[PDB]
Amino acid sequence: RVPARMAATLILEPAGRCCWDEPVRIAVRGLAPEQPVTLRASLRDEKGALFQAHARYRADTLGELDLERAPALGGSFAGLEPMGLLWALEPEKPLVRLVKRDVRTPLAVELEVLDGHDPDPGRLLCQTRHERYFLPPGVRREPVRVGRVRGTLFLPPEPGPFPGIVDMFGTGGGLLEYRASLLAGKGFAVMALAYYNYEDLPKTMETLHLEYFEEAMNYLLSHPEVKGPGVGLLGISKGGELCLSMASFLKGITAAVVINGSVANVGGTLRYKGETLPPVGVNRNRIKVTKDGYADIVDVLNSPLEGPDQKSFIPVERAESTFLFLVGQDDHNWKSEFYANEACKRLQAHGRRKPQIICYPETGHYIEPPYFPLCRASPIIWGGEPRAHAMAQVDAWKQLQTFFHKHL
C-alpha cells in the first residue's frame, strides 16, 4: 500500500512581495474532490487588534480551490470575489478602526484552510502567511523638517524628476503616511503633510494659517526631484477642505483630488494674511440616534449658503486649479455630495471649468486606499456597505492616478 497523499498546499500569485493596494490570487491544491472547506483570513494591526473574514467554498473535482475560479458560497461574503477575504475583514471588537502607521513593515494576513462548513471550524488543513507591504519597490521615505513644515516625503526610485503631490488627512492630528507611500509607487513624489498635533506643531487647530501650507507646497515644489511647475493636492475630510482652501487662496496648485471634502470651513478659524474664514456653525439638536445606540451627525453643520455662515464658504471661484471630487453618497460624517455640488455651482457662476464629480453609491466617509476594510462606526456612523465601499475604494484609487497623471 502506497503512502497517504501529501498535505494540501496554498499557492499565491504573486508568491512574493505584494503591496497593500495590489490584488492576489489564492489557490489551494491537494484537497479531496468536492471537499467543503472554510477559508479564514486573520490580521492583527499595530495595536494588536484582530480583524477577520471567512467564507465557505467547495474544491473542484481535482481537489483544487482557486479563488478566481470558485465562488464563495457564504460567510463574510458570497460570489466570485477573489479579494473578499481582505475587503470583507471585520474587527473582532466593534468600533475598532484599523491602526497602520509604520509604512516600513508589512501587515500579515494569515490564511487558513479549515475542513468543513460547520460554524465551529474543523481541523486546519493548511495555512500560509501573506505579507502586504506599504513601501512599494524602491520607494524612498524622507522625513521633512524644514522651517516649521512637518511631514514625510515619498519618492519613487531614481531617476527623477517626478510630479509632486501634497497628501493630507482630516482631523485627528499626527501624520498618516500610508496613502502617500503607496501612491509614490505610481510614479509620484508625495508628501504626507501634518498640520497639527505632531512633533513641534501647534497642539490644536483652533486657528489654522494657510501660510504654513504655502510653505509646505513651496518646499515640495523647490525639491530637486519634483517636476512642477505646480503641485497636485490630495485630501480627504478636513484634508479635502484644505485642498479647496489652498487652491482658492494660493498660487502653484495645478490639480486637486478632493475626497469627501467640505466647501465650508469647519472646526476652527482659517487665516491667510488679511483674510479670515470663521468656522461654520453647528446644531447638535440635528443629531439623530438611529438605529442602534449610534449618533448620526450628518446634519449637525449649518449650511454655508445662508446667514452669517456664508462667511465660512471657501471662495473656490478664486482657484485656477482643476478639481476632481470623489464622494461617498452614504457619507454620514457630513454632506459631501452637497459640498461638491455647491463648489461646482460656485465655480460655474464665475465661468471656471466645471469640475468632475464621481459619486459612489453605498460608500461612506472613509474612502481609504484599496482593501482597507470598512469602518462602519467608531460613537458615530460613517456610512458605507462593505462590498460597495470596497469597490469604490478600488475605483477611486484608479481615478485619482489617471487624473494626477493627466494634469501633472
# chains A, B, ... in the order shown; residues from 1 in each chain; ligands from 1
call {"tool": "residues_around", "arguments": {"residues": "segment 219-232 of chain A", "least_positions_apart": "5", "cutoff": "9 Å", "atoms": "only C-alpha atoms", "output": "ChimeraX atom specification"}}
result
/A:146,149,153,155,158-167,188-191,214,251-257,404,407-408
call {"tool": "residues_around", "arguments": {"residues": "segment 371-376 of chain A", "least_positions_apart": "2", "cutoff": "10 Å", "atoms": "only C-alpha atoms", "output": "number ranges by chain"}}
result
A: 20-23, 51, 83-91, 94-98, 332, 363-369, 378, 380-391, 393-394
call {"tool": "closest_residue", "arguments": {"among": "A:99, A:192, A:80, A:26", "to": "residue 66 of chain A", "atoms": "only C-alpha atoms"}}
result
A:26
call {"tool": "closest_residue", "arguments": {"among": "A:169, A:41, A:273, A:57", "to": "residue 111 of chain A", "atoms": "only C-alpha atoms"}}
result
A:41
call {"tool": "closest_residue", "arguments": {"among": "A:209, A:350, A:150, A:291", "to": "residue 274 of chain A", "atoms": "only C-alpha atoms"}}
result
A:209
call {"tool": "closest_residue", "arguments": {"among": "A:37, A:194, A:180, A:208", "to": "residue 125 of chain A", "atoms": "only C-alpha atoms"}}
result
A:37
call {"tool": "select_by_dssp", "arguments": {"residues": "segment 326-390 of chain A", "states": "alpha helix (DSSP H)", "output": "list in words"}}
result
residues 336, 337, 338, 339, 340, 341, 342, 343, 344, 345, 346, 347, 348, 349, 386, 387, 388, 389 and 390 of chain A
call {"tool": "write_last_selection", "arguments": {"atoms": "N, CA and C atoms", "output": "PDB file, in the first residue's frame"}}
result
ATOM      1  N   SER A 336     -21.117  65.417   1.936  1.00  0.00           N
ATOM      2  CA  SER A 336     -20.071  65.518   0.924  1.00  0.00           C
ATOM      3  C   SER A 336     -20.589  65.825  -0.474  1.00  0.00           C
ATOM      4  N   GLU A 337     -21.672  65.165  -0.885  1.00  0.00           N
ATOM      5  CA  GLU A 337     -22.199  65.421  -2.215  1.00  0.00           C
ATOM      6  C   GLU A 337     -22.704  66.857  -2.333  1.00  0.00           C
ATOM      7  N   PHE A 338     -23.401  67.322  -1.302  1.00  0.00           N
ATOM      8  CA  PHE A 338     -23.878  68.711  -1.227  1.00  0.00           C
ATOM      9  C   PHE A 338     -22.700  69.691  -1.342  1.00  0.00           C
ATOM     10  N   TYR A 339     -21.626  69.457  -0.581  1.00  0.00           N
ATOM     11  CA  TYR A 339     -20.421  70.303  -0.673  1.00  0.00           C
ATOM     12  C   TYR A 339     -19.807  70.318  -2.073  1.00  0.00           C
ATOM     13  N   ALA A 340     -19.691  69.148  -2.693  1.00  0.00           N
ATOM     14  CA  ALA A 340     -19.146  69.048  -4.046  1.00  0.00           C
ATOM     15  C   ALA A 340     -20.010  69.808  -5.072  1.00  0.00           C
ATOM     16  N   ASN A 341     -21.323  69.630  -4.982  1.00  0.00           N
ATOM     17  CA  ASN A 341     -22.250  70.302  -5.880  1.00  0.00           C
ATOM     18  C   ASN A 341     -22.174  71.817  -5.686  1.00  0.00           C
ATOM     19  N   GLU A 342     -22.130  72.272  -4.437  1.00  0.00           N
ATOM     20  CA  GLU A 342     -22.053  73.715  -4.162  1.00  0.00           C
ATOM     21  C   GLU A 342     -20.721  74.330  -4.591  1.00  0.00           C
ATOM     22  N   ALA A 343     -19.619  73.581  -4.485  1.00  0.00           N
ATOM     23  CA  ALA A 343     -18.352  74.043  -5.059  1.00  0.00           C
ATOM     24  C   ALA A 343     -18.476  74.164  -6.570  1.00  0.00           C
ATOM     25  N   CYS A 344     -19.109  73.182  -7.197  1.00  0.00           N
ATOM     26  CA  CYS A 344     -19.280  73.177  -8.648  1.00  0.00           C
ATOM     27  C   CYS A 344     -20.136  74.372  -9.122  1.00  0.00           C
ATOM     28  N   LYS A 345     -21.196  74.650  -8.374  1.00  0.00           N
ATOM     29  CA  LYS A 345     -22.091  75.775  -8.677  1.00  0.00           C
ATOM     30  C   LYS A 345     -21.382  77.116  -8.500  1.00  0.00           C
ATOM     31  N   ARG A 346     -20.545  77.218  -7.466  1.00  0.00           N
ATOM     32  CA  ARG A 346     -19.782  78.446  -7.244  1.00  0.00           C
ATOM     33  C   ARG A 346     -18.818  78.693  -8.403  1.00  0.00           C
ATOM     34  N   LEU A 347     -18.049  77.665  -8.744  1.00  0.00           N
ATOM     35  CA  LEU A 347     -17.119  77.698  -9.861  1.00  0.00           C
ATOM     36  C   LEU A 347     -17.789  78.078 -11.182  1.00  0.00           C
ATOM     37  N   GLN A 348     -18.893  77.414 -11.526  1.00  0.00           N
ATOM     38  CA  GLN A 348     -19.601  77.739 -12.780  1.00  0.00           C
ATOM     39  C   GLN A 348     -20.196  79.156 -12.816  1.00  0.00           C
ATOM     40  N   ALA A 349     -20.648  79.653 -11.667  1.00  0.00           N
ATOM     41  CA  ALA A 349     -21.181  81.011 -11.543  1.00  0.00           C
ATOM     42  C   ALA A 349     -20.132  82.080 -11.864  1.00  0.00           C
ATOM     43  N   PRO A 386     -20.172  47.160   2.966  1.00  0.00           N
ATOM     44  CA  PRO A 386     -18.848  46.571   2.773  1.00  0.00           C
ATOM     45  C   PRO A 386     -18.418  46.412   1.323  1.00  0.00           C
ATOM     46  N   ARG A 387     -19.253  45.812   0.493  1.00  0.00           N
ATOM     47  CA  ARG A 387     -18.824  45.487  -0.857  1.00  0.00           C
ATOM     48  C   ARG A 387     -18.804  46.724  -1.752  1.00  0.00           C
ATOM     49  N   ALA A 388     -19.848  47.540  -1.636  1.00  0.00           N
ATOM     50  CA  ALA A 388     -19.959  48.769  -2.416  1.00  0.00           C
ATOM     51  C   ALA A 388     -18.812  49.716  -2.081  1.00  0.00           C
ATOM     52  N   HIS A 389     -18.557  49.903  -0.793  1.00  0.00           N
ATOM     53  CA  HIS A 389     -17.479  50.774  -0.327  1.00  0.00           C
ATOM     54  C   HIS A 389     -16.120  50.259  -0.797  1.00  0.00           C
ATOM     55  N   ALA A 390     -15.909  48.944  -0.678  1.00  0.00           N
ATOM     56  CA  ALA A 390     -14.657  48.315  -1.095  1.00  0.00           C
ATOM     57  C   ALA A 390     -14.357  48.578  -2.558  1.00  0.00           C
TER      58      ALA A 390
END
call {"tool": "atom_distance", "arguments": {"atom1": "atom CA of residue 77 of chain A", "atom2": "atom CA of residue 131 of chain A"}}
result
22.3 Å
call {"tool": "residues_around", "arguments": {"residues": "residue 27 of chain A", "least_positions_apart": "3", "cutoff": "12 Å", "atoms": "only C-alpha atoms", "output": "PyMOL selection string"}}
result
chain A and resi 8-15+24+30-31+39+57+59-60+63-70+82+111-113+126-128
call {"tool": "residues_around", "arguments": {"residues": "residue 193 of chain A", "least_positions_apart": "4", "cutoff": "12 Å", "atoms": "only C-alpha atoms", "output": "PyMOL selection string"}}
result
chain A and resi 143-145+148-154+165-170+173-180+197-198+201+212-217+219-220+233-235+239+242-243
call {"tool": "write_last_selection", "arguments": {"atoms": "N, CA and C atoms", "output": "compact mmCIF listing (two decimals), in the first residue's frame"}}
result
# COMPACT_ATOMS: atom_id res chain seq x y z
N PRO A 143 11.76 61.90 5.74
CA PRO A 143 11.09 62.82 6.67
C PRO A 143 11.42 64.30 6.37
N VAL A 144 10.45 65.19 6.57
CA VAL A 144 10.58 66.61 6.24
C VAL A 144 10.54 67.41 7.52
N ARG A 145 11.59 68.20 7.73
CA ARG A 145 11.69 69.12 8.85
C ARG A 145 12.43 70.34 8.35
N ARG A 148 9.10 75.47 9.62
CA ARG A 148 8.10 74.92 10.54
C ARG A 148 7.37 73.71 9.93
N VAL A 149 7.67 73.40 8.67
CA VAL A 149 6.99 72.33 7.92
C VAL A 149 7.35 70.95 8.45
N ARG A 150 6.32 70.16 8.77
CA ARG A 150 6.48 68.79 9.26
C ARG A 150 5.67 67.83 8.41
N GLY A 151 6.34 66.83 7.85
CA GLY A 151 5.69 65.81 7.05
C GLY A 151 6.70 64.78 6.62
N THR A 152 6.30 63.92 5.69
CA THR A 152 7.18 62.89 5.19
C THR A 152 7.03 62.79 3.70
N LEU A 153 8.16 62.84 3.01
CA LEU A 153 8.19 62.79 1.56
C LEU A 153 8.46 61.37 1.12
N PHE A 154 7.70 60.91 0.12
CA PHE A 154 7.95 59.63 -0.51
C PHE A 154 8.29 59.86 -1.97
N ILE A 165 2.93 65.70 -5.34
CA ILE A 165 1.62 65.78 -4.70
C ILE A 165 1.76 66.05 -3.19
N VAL A 166 0.94 66.95 -2.66
CA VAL A 166 0.81 67.12 -1.20
C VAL A 166 -0.40 66.29 -0.74
N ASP A 167 -0.19 65.43 0.26
CA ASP A 167 -1.19 64.47 0.72
C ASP A 167 -1.66 64.84 2.12
N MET A 168 -2.97 64.95 2.34
CA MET A 168 -3.48 65.41 3.64
C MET A 168 -4.68 64.62 4.13
N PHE A 169 -4.66 64.25 5.40
CA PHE A 169 -5.83 63.62 6.02
C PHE A 169 -6.55 64.65 6.88
N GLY A 170 -7.69 64.26 7.44
CA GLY A 170 -8.52 65.18 8.21
C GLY A 170 -8.18 65.23 9.69
N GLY A 173 -5.16 64.81 14.19
CA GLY A 173 -3.76 65.17 14.46
C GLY A 173 -2.79 64.06 14.09
N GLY A 174 -1.50 64.36 14.16
CA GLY A 174 -0.50 63.35 13.80
C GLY A 174 -0.27 63.33 12.31
N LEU A 175 0.30 62.23 11.82
CA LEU A 175 0.63 62.10 10.41
C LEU A 175 0.37 60.68 9.92
N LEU A 176 -0.55 60.53 8.96
CA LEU A 176 -0.76 59.24 8.29
C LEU A 176 0.03 59.21 6.99
N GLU A 177 0.91 58.23 6.88
CA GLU A 177 1.84 58.15 5.76
C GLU A 177 1.46 57.10 4.73
N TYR A 178 0.49 56.26 5.05
CA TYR A 178 0.29 55.05 4.25
C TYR A 178 -0.23 55.26 2.84
N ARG A 179 -0.96 56.36 2.62
CA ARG A 179 -1.51 56.64 1.30
C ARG A 179 -0.40 57.18 0.41
N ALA A 180 0.37 58.13 0.95
CA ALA A 180 1.50 58.73 0.25
C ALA A 180 2.53 57.69 -0.17
N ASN A 197 -0.77 68.79 16.03
CA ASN A 197 -0.56 67.67 16.96
C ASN A 197 0.39 66.60 16.41
N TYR A 198 1.58 67.05 16.01
CA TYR A 198 2.62 66.16 15.52
C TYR A 198 3.94 66.88 15.64
N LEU A 201 4.59 70.94 16.03
CA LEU A 201 3.44 71.71 15.53
C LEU A 201 2.50 72.12 16.66
N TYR A 212 1.40 78.39 6.48
CA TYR A 212 2.03 77.09 6.75
C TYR A 212 1.94 76.14 5.54
N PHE A 213 0.76 76.08 4.92
CA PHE A 213 0.53 75.20 3.78
C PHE A 213 1.24 75.71 2.52
N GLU A 214 1.33 77.04 2.40
CA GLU A 214 2.05 77.66 1.30
C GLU A 214 3.53 77.28 1.38
N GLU A 215 4.10 77.43 2.58
CA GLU A 215 5.46 76.95 2.89
C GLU A 215 5.68 75.47 2.50
N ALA A 216 4.72 74.61 2.86
CA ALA A 216 4.85 73.18 2.57
C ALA A 216 4.91 72.91 1.07
N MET A 217 3.98 73.52 0.34
CA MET A 217 3.90 73.38 -1.11
C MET A 217 5.12 73.96 -1.81
N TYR A 219 8.12 74.22 -0.43
CA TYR A 219 9.19 73.25 -0.18
C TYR A 219 9.15 72.09 -1.20
N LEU A 220 7.97 71.49 -1.39
CA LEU A 220 7.82 70.36 -2.31
C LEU A 220 8.23 70.77 -3.71
N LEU A 233 -2.72 68.30 -5.17
CA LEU A 233 -3.15 68.18 -3.80
C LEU A 233 -4.09 66.99 -3.69
N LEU A 234 -3.89 66.15 -2.69
CA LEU A 234 -4.80 65.03 -2.45
C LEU A 234 -5.25 65.08 -1.00
N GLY A 235 -6.55 65.28 -0.79
CA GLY A 235 -7.05 65.39 0.58
C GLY A 235 -8.36 64.66 0.82
N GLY A 239 -8.84 67.38 5.17
CA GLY A 239 -7.76 67.46 4.17
C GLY A 239 -8.22 67.88 2.79
N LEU A 242 -9.10 71.55 3.09
CA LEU A 242 -7.83 72.27 2.91
C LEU A 242 -7.31 72.32 1.47
N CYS A 243 -7.54 71.27 0.68
CA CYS A 243 -7.24 71.34 -0.77
C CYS A 243 -7.97 72.53 -1.42
call {"tool": "select_by_dssp", "arguments": {"residues": "segment 125-236 of chain A", "states": "strand (DSSP E)", "output": "VMD selection string"}}
result
chain A and resid 125 to 133 140 to 146 149 to 155 164 to 168 189 to 193 207 to 209 231 to 236
call {"tool": "residues_around", "arguments": {"residues": "segment 278-287 of chain A", "least_positions_apart": "6", "cutoff": "8 Å", "atoms": "only C-alpha atoms", "output": "MDAnalysis selection string"}}
result
chainID A and resid 264:270 295:304 309 311:312
call {"tool": "residues_around", "arguments": {"residues": "residue 171 of chain A", "least_positions_apart": "4", "cutoff": "10 Å", "atoms": "only C-alpha atoms", "output": "ChimeraX atom specification"}}
result
/A:195-197,204-205,236-239,267
call {"tool": "atom_distance", "arguments": {"atom1": "atom CA of residue 92 of chain A", "atom2": "atom CA of residue 50 of chain A"}}
result
5.6 Å
call {"tool": "residues_around", "arguments": {"residues": "residue 361 of chain A", "least_positions_apart": "3", "cutoff": "7 Å", "atoms": "only C-alpha atoms", "output": "list in words"}}
result
residues 328, 329, 330 and 388 of chain A
call {"tool": "write_last_selection", "arguments": {"atoms": "N, CA, C and O atoms", "output": "PDB file, in the first residue's frame"}}
result
ATOM      1  N   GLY A 328     -18.514  59.819  -1.337  1.00  0.00           N
ATOM      2  CA  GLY A 328     -19.340  58.696  -0.956  1.00  0.00           C
ATOM      3  C   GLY A 328     -20.758  59.190  -0.760  1.00  0.00           C
ATOM      4  O   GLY A 328     -20.990  60.112   0.030  1.00  0.00           O
ATOM      5  N   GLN A 329     -21.711  58.579  -1.466  1.00  0.00           N
ATOM      6  CA  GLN A 329     -23.114  59.041  -1.416  1.00  0.00           C
ATOM      7  C   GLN A 329     -23.709  58.798  -0.031  1.00  0.00           C
ATOM      8  O   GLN A 329     -24.657  59.476   0.380  1.00  0.00           O
ATOM      9  N   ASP A 330     -23.127  57.846   0.691  1.00  0.00           N
ATOM     10  CA  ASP A 330     -23.610  57.443   2.006  1.00  0.00           C
ATOM     11  C   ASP A 330     -22.778  58.037   3.142  1.00  0.00           C
ATOM     12  O   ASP A 330     -22.822  57.551   4.255  1.00  0.00           O
ATOM     13  N   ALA A 388     -19.848  47.540  -1.636  1.00  0.00           N
ATOM     14  CA  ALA A 388     -19.959  48.769  -2.416  1.00  0.00           C
ATOM     15  C   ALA A 388     -18.812  49.716  -2.081  1.00  0.00           C
ATOM     16  O   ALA A 388     -18.177  50.251  -2.973  1.00  0.00           O
TER      17      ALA A 388
END
call {"tool": "closest_residue", "arguments": {"among": "A:38, A:105, A:399, A:207", "to": "residue 118 of chain A", "atoms": "only C-alpha atoms"}}
result
A:38
